[PDB]
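Chains as they are written, first to last, in the authors' numbering: chain A, 1 to 306; chain A', 1 to 306. A prime marks a further copy of an entry chain. Backbone N, C-alpha and C fix where the C-beta goes; we use that ideal spot for every residue, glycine too. Here's the structure, in C-alpha cells; my notes come after.
2 protein chains.
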Amino acid sequence: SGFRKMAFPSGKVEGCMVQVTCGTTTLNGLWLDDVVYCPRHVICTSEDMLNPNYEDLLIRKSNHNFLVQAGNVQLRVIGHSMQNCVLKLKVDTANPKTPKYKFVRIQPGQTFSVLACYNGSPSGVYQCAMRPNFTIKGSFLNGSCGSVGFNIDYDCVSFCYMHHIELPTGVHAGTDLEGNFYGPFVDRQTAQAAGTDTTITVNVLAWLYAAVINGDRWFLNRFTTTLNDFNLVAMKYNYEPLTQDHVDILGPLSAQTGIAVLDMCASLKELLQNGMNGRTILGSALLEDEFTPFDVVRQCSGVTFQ
Amino acid sequence: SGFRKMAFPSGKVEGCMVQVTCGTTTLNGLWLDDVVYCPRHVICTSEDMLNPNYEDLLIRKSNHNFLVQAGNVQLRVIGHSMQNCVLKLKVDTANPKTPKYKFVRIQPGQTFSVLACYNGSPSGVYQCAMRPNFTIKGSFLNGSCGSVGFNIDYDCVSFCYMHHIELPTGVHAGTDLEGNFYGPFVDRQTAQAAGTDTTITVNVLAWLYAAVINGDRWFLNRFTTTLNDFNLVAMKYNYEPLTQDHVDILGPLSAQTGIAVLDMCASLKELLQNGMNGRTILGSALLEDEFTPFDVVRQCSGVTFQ
Ligand SMILES: *C(=N)[C@H](C[C@@H]1CCNC1=O)NC(=O)[C@@H]1Cc2ccccc2CN1C(=O)[C@@H](NC(=O)C(F)(F)F)C(C)(C)C
Ligand SMILES: *C(=N)[C@H](C[C@@H]1CCNC1=O)NC(=O)[C@@H]1Cc2ccccc2CN1C(=O)[C@@H](NC(=O)C(F)(F)F)C(C)(C)C
Ligand code: NA
Ligand code: NA
Ligand code: NA
Ligand code: NA
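Set out below in C-alpha cells:
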C-alpha cells in the first residue's frame, strides 16, 4: 500500500555525470562512451548573452578551451561539435560506467526523473512532468544546467531532458539530448515566458485509479458521461482534452479496478464542479496530474529494473 | 527556484542490494563488506506467524538453508546470527561496491530516502519522514521487506531504516539496521496498529521558510507570539510541541530570510486558525511537514555529495 512521487533509481545516471568548464562558466555534462554532452551556452560570456551567434563563438574555440573533469580525473577533449543547442565534446576516454541507453524526445504529459547536479556531482533526484506548455516545475539553482531527466526500462536508460534555463515564473526549460528545446524557448536572454498551462487530464484519471487501487473510493459516483460531454467540462476547468487514445491507455487500470474510463470521468467531473470538500485523495488536497498511467501500474505492481 | 520532494541519489545503495531466500520466502538484503543484513522474518513459515520463537526457528537452520543472490551471482553463506529483528548472513565475498557507511537510529521528524526493492532489484526512490507515531507513509508491496532508508552526507551513506511490516491503515513499520523497531511494533502477526499521529511542527516551519526563500510571502503577517502561546495553539491542532531546540535549529533559515522564528510561528498560527483560503504554498494546498530544516537548506543551497 501507499502511493509516492517515485523517481527511478539514479545510479546508472550518477556514473555518467561530469563537470565541464569553458572560460569562467562551469556546469554539468553527460558522459556516455567517449562523448560528453552539455548545453552549448557554456561557451557564452556574460557580455554576449542577448544575441549570441553560437557558430561564431564556437569556431573561435579549441579543444583545450574545454576542461572536463570526472571525479578528480581530467578528461582530455580531442574533438568538439555543436548539435542544435548541445555541445558534444569527444574525450580521450570512454566512460566505463556507460549504461545501456537511448535518447528520447518525450511528449507533454510524460514524466521523468531528474538528477539535479552541481559541479559534476549529484545533489538529489525527483520526479517531474513535461507540462503541456513545455516547461517543467523543477528545482534548479545556479550551476545546475546540464542536469538530465530520464526514464529507465529494464536495463535501458532513456534520457529525455537536459536543463538549460529558468523562466520568470521560476519554472524550467531545456532540450532533448539532441539539443532541441521543448516548447518555443531559446538559449538567449530574451523576454520569453511560459505560456498558459493546462492540467494533464489522462494523468489525473490515472491517479484517481491509483487511489481506488489503494482502497479509497469516496469520490466515485454512479453516473457516467460521454467523452464529448466530459471534454466540454474539461475545457471549462483548463484541463487538456481527453482523446480516445487516452481512454485506451487507461484500459488496464479500468480493467484492474472494474471502473469504466468514462465512469471515472464522471467522478472527475463531479470533483471539478464540487471540489473535494476538505477531503483528501492519496494525501493530496489537489488533483494530482504528474503520474502517468504507466507510473501508476509501475508502483502498484512493483516493476523493477535490471 | 523550485521546491521538490527530493531524495538522495540512490547509486551507492543500489550496489548493496541483494536477494535472500529461505524456504519459500524471498525478500531483500543489504550487502556491506562480507555481511548481508535482512529481516529475520525471512525464516518464518506461514504457519508459525502468530507467535514465532525466532531463536528456536533459527537454531534449526544451517547456512545452506539461506540462498543469497547478487545480480546473477550466488553468494555462499558461511555464517549467520540474529541481532534483534535482523539476520546477519556472513558470505564468502566482500561487496566490492560497499560505500563508506554508518548505521544510525533516527528521531521522529527526521527524513530519509527509501530505495524500494523487489527480488534484490531497485524499483524506485522516494522521500519519507519518520512520523511522531514511529510509522512511515511509504509505498511498499509484497516482497519489499529488506528495502532500506538512508541519508547521504558527503561520501557517507547513513542507513537508518529497514522495512518489515505494513499496518492496517496502510502505513509502514520497520527497524534500524541493528534490528530495533521504531515504535512499539513487533515482527509477529498481532493486533498492532499505528497510534494517533501528530504534525511535525518544526518541519512545517522549515517549509514556510522554503516558500519565502522561493519568493512567496502571502501567508506572512505582522504579529509575533510567545513559544508558550504558540504551543497552546499547536496542541489544539494536533501539532507537535515546538521546543527551544527546534527554535535554535531554525536559526539559519530565520537569518537568511530575516523572519524571526516566533514571527513565523505567528504566521503558522493564523494559517491554522484561518486556513489557506484556496491559496497554495509551494504548490500544496496542505501544510507540508516532511521537509526538515536541513532538507530546506540542502535544496535551497545545492549541497552535493561525493
Ligand atoms: C544553468 N546553470 C542555469 C540554470 C538556471 C539558473 C537559475 N535556475 C536555473 O535553472 N541556466 C541559466 O542561467 C541560463 C543560461 C543562459 C543562456 C543563454 C541566455 C541567457 C542565459 C541565462 N539563463 C537563465 O536561465 C535566465 N533566464 C532567462 O534567460 C529566460 F528567463 F529564460 F529568458 C536567468 C535564470 C534569469 C539567469
Ligand atoms: C515484506 N515483504 C512485507 C511487506 C508488506 C507486505 C505488504 N506491504 C508491506 O509493506 N512484510 C510482511 O508481509 C509482514 C511479515 C510478517 C512478519 C511477522 C508476522 C507477520 C508478518 C506479515 N507482514 C505484514 O506486514 C502484515 N501486517 C501485520 O502483520 C501487522 F499489521 F503489522 F500486524 C500484512 C501486511 C497483513 C501481511
Ligand atoms: Na563561457
Ligand atoms: Na462514476
Ligand atoms: Na521461510
Ligand atoms: Na508573523
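- Judged by DSSP in its simplified three-state form, residue 62 of chain A' adopts coil rather than helix or strand.
- Against chain A', the CB of residue 6 of chain A has a partner CB under 9 Å away; the residue lies at that interface.
- Comparing C-alpha distances from residue 257 of chain A' to each of A':37, A':300, A':196 shows the shortest one belongs to A':300.
- For the C-beta of residue 9 of chain A, the chain A' residues within less than 8 Å are, from N- to C-terminus, 10, 11, 14, 115, 122, 123, 124, 125.
- The beta carbons of residue 146 of chain A' and residue 42 of chain A' sit closer together than 9 Å.
- With respect to the C-alpha of residue 5 of chain A', the residue from A':187, A':303, A':306, A':289 having the closest C-alpha is A':289.
- About 30 Å separates the beta carbons of residue 245 of chain A' and residue 85 of chain A', which is beyond the 8 Å limit, so they are not a contact pair.
- For the 9 Å CB-CB criterion, residue 98 of chain A and residue 202 of chain A do not form a contact.
- Look at residue 166 of chain A here: in three-state DSSP terms it is strand.
- Three or more Cβ pairs drawn from the stretch 62 to 82 of chain A and the stretch 4 to 21 of chain A lie within less than 8 Å of each other, which places the two stretches in contact.
- At a cut-off of 9 Å between beta carbons, residue 38 of chain A makes no contact with chain A'.
- Boundaries of the alpha helix (DSSP H) harbouring residue 257 of chain A': 251 to 257, taken from the DSSP string.
- Relative to ligand 1, the beta carbon of residue 185 of chain A is positioned inside 8 Å of a heavy atom.
- Nothing from the stretch 253 to 274 of chain A brings a Cβ to less than 8 Å from some Cβ of chain A'.
- Remark: C-beta atoms of residue 29 of chain A and residue 214 of chain A do not approach each other more closely than 9 Å.
- With respect to residue 164 of chain A', residue 136 of chain A' sits apart: the two C-beta atoms are not nearer than 9 Å.
- Closer than 9 Å to the CB of residue 66 of chain A' there is not a single CB belonging to chain A.
- Within chain A', the C-beta atoms nearer than 8 Å to that of residue 304 of chain A come from 117, 118, 119, 121, 122, 123, in chain order.
- If you check the CB distance, residue 176 of chain A' and residue 156 of chain A' do not come in under 9 Å.
- Counting only residues of its own chain and dropping the five nearest sequence neighbours on each side, residue 242 of chain A' has a CB closer than 8 Å to the CB of 201, 202, 205, 227, 230, 231, 234, 265.
- Looking at the backbone, the Cα of residue 40 of chain A' and that of residue 50 of chain A' are separated by about 15 Å.
- Along the length of the stretch 116 to 203 of chain A, whole beta strand (DSSP E) runs at least 3 residues long occupy 121 to 129, 148 to 153, 156 to 166, 172 to 175, reported in chain order.
- Ranked by Cα distance from residue 89 of chain A', the first of A':56, A':76, A':208 is A':76.
- By DSSP's assignment, residue 81 of chain A forms a beta bridge with A:88.
- Here residue 118 of chain A' really is in contact with residue 302 of chain A; their C-beta atoms are around 5 Å apart, less than 8 Å.
- As a beta-bridge residue in DSSP terms, residue 28 of chain A pairs with A:19.
- Distance from the Cα of residue 138 of chain A' is smallest, within the candidate group A':34, A':113, A':153, for A':113.
- DSSP places residue 39 of chain A in the uninterrupted beta strand (DSSP E) bounded by 35 to 39.
- Annotation: the continuous alpha helix (DSSP H) that includes residue 294 of chain A' extends over 293 to 301.
- Here residue 8 of chain A' has 113, 152 as same chain residues with Cβ atoms under 6 Å from its own Cβ, once five neighbours each way along the sequence are excluded.
- The secondary-structure analysis by DSSP pairs residue 284 of chain A across a beta bridge with A:281.
- Its chain contains 43 as the residues whose beta carbon lies nearer than 6 Å to that of residue 57 of chain A', once the 5 sequence neighbours on both sides are disregarded; these appear in chain order.
- Assignment of residue 112 of chain A' by DSSP, reduced to helix, strand and coil, places it in the strand class.
- Distance from the CA of residue 281 of chain A to the CA of residue 73 of chain A', rounded to the nearest whole angstrom, comes to 43 Å.
- Residues with their Cβ less than 5 Å from any non-hydrogen atom of ligand 3, running along the chain, are A:22, A:23, A:25.
- Counting along the chain, residue 103 of chain A' sits inside the beta strand (DSSP E) bounded by residues 101 to 103.
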